[PDB]
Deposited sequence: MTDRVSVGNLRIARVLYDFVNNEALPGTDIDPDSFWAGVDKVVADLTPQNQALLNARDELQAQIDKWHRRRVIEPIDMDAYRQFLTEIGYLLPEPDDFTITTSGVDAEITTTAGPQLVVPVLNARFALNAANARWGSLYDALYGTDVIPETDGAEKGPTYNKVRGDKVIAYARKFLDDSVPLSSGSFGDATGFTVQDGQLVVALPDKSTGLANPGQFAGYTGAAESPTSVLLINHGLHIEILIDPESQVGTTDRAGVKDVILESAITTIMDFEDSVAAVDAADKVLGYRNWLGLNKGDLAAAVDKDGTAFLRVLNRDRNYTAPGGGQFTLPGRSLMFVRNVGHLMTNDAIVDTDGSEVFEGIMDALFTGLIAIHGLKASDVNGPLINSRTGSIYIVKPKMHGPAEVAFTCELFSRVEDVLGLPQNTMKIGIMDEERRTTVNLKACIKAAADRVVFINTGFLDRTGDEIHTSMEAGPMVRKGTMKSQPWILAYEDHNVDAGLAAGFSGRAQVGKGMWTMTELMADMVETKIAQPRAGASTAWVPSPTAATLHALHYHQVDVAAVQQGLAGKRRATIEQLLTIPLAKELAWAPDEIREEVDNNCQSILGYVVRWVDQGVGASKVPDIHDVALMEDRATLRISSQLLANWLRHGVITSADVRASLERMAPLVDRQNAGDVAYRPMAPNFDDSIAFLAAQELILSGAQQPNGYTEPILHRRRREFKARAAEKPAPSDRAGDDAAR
């Protein structure tokens, strides 16, 4: 079952995959590759373990500090000086500008949605890569952005009252984004190109654009184009003109659809949205990443570039696919896909850098044309780092991998998640540690909330999970991230990103509220579906992010004291029914997510909460819920009987929600026989003892336990 290379014992399925699938076409010699793996693992594992031990030592000191605190209001001056003494809060370096070069325009310049998808799901990954262009009509008709009120309800058949509202919404979008010199797109009867500029026919007169430079191109004949291509805030809009179509036949100008450039970049996720606990799982993911980079992943295939005629009459093309990042796992976990001679598992983050890096070489070379970075970069998101020494380690790991792969130094770029408190409070130093590799920072606010709870676990009971979004610490955290990014010269060089919209069915709400993120100067933010990407694209047409960033330059809007404000609840805060609701809600969301993780290896699941809101769950939202209940149990807000009773009460409700689903095995009534139930319980009752409250140690162990049982 294993292959010996030096000190390593490689699972045969991984050895075969790399030799037969990943290496051919890279001109890397297999024996040299595997010797490189052995040397990188041997050389870098000590520092990897040392960093993990440092996390544990720091947390132990903070725990003890809070237990020895007498004064009720935390003396913030004493707290801050303590974090400085133990090396948690480090000195801020002098101002600098990042030097990362060779980065694609989608990252340096284009503000727009960033889509995250589990790499183990080939169909979702394909749809994500293809989500660079998406139908606004479909996004509006298929979601609640257009209310299902007055005869506008969806049904088995196309509803023209609803379709007309879709059309009107899109016409107002055009008026607001590419305004006519006079009149409205709602009254357009036709489009032509005359002397290289767009002419819109109105019933009374004709008109051009208020800014004719927004006219980017067209398809078909200039006198009766089959489509018109507009650009606004660097994002493209395509009006499809087809009077013979069913929609276009009813349209006053024969418009069939409005196509939005949507998911500019996509993150193919190996981390919190997938369940991969052994070599077999990792190979499934690596193979999908390989198919994406070679261009031949198919279930349904990857799109080619798009051909246009320039306003002046020449030819040009536009990228048809989303520019792909890969999210590697972070520094914590090992995986038995490789073990050493003594049987120790190899760090999974090290493996991901080698193998996803190797596979990404295919995306730098011809498919027809090369799939991904035309400028020669490989884009890796590195999650869950704690402070600048951990960022420096990632950079050293990437350097060593580049040597093994024979790639130019600094080929492998890094998207830094700002999703751990020791990174937040040292963010300037963290960016500087990666100043020649960094291509984004992003506030992973869900992980950051989990780390907020775990770090101050001993200080007292935290506010309810739903209250966290309005706490001083998180508002400071979001502003601080933008400030540090802009201060490091990110405008025009690297993305400043914000976090995930999880309410998959509440697209009217997303359109209403997620505009806050580009208004806050973020040049990208996360969505979980191609449809959400198309709708979030609307916000970048309304908000001039480049303008917003220029206005924000130089501002210092968060103090260290605000960043360090612990989200403690006030005494007497909750009635029994409020406590009960928090416990039930958290138990339901935990059980709903964990049961499909452990029994079916699904790392991202839509789970209705106690208010029947469909939430896209992954490990970070699980980290919050389990840590909050662990915190409430730790400080006596709830008893161990309360937790067990809530889990038992919500488990059959999860069983019912899954009912069919044929691979689903119920948790109730024999709770002590359900590995999934016991994993959910363990995440709560052992939550305080998990490193930084991470969920992977328990999830991976319980999933492997489930697989072992299904094997015998």
property	result
Regions of the deposited sequence not represented in the model	1-2, 302-311, 380-382, 728-741
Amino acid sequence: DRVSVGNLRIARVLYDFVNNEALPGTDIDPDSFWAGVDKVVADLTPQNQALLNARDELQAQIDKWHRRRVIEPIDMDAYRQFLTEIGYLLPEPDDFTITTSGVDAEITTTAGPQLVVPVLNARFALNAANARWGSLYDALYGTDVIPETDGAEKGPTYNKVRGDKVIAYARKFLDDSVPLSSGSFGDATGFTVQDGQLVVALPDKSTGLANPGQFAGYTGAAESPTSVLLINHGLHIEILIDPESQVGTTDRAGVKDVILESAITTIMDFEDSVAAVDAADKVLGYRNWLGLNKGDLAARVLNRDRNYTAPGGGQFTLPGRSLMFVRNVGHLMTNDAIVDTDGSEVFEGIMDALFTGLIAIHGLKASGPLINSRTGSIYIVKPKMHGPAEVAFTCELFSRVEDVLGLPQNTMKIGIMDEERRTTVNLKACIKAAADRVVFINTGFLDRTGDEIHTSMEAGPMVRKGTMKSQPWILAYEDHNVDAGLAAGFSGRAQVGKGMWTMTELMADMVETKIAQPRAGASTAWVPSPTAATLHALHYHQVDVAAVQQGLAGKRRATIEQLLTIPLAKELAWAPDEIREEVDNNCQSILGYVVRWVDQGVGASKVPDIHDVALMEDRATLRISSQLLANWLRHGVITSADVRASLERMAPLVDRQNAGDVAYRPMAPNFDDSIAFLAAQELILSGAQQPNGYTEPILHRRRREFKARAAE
From here on, numbers count along this sequence of modelled residues.
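Just so we're on the same page, rigid core means the largest C-alpha set that superposes within 1.5 Å between forms.
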item	value
Which of 125-133 and 606-614 lies farther from this form in 7 other deposited structures of this protein, as RMS of C-alpha positions after a rigid core fit	606-614
Which of 106-114 and 312-320 strays further in 7 other deposited structures of this protein - Cα RMS after rigid core alignment	312-320
No coordinates for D31 in a third or more of the other PDB entries	no
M76 not built in a third or more of the other entries	no
Of 110-118 and 207-215, the one with larger mean CA B-factor	207-215
Higher-B stretch (mean Cα B-factor, as the entry records it), 468-476 or 552-560	552-560
Identity of residue with top Cα B-factor, from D63, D38, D31, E682	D31
Residue with maximal Cα B-factor (values as given in the PDB entry) among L198, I431, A508, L364	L198
Assigned third (lowest, middle, highest) for the C-alpha B factor of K165	middle
CA B-factor ranking of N670, expressed as a third of its chain	highest
B-factor third for the C-alpha atom of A659 within its chain	highest
Assigned third (lowest, middle, highest) for the C-alpha B factor of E153	highest
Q246 - which third its CA temperature factor falls in, relative to the rest of the chain	highest
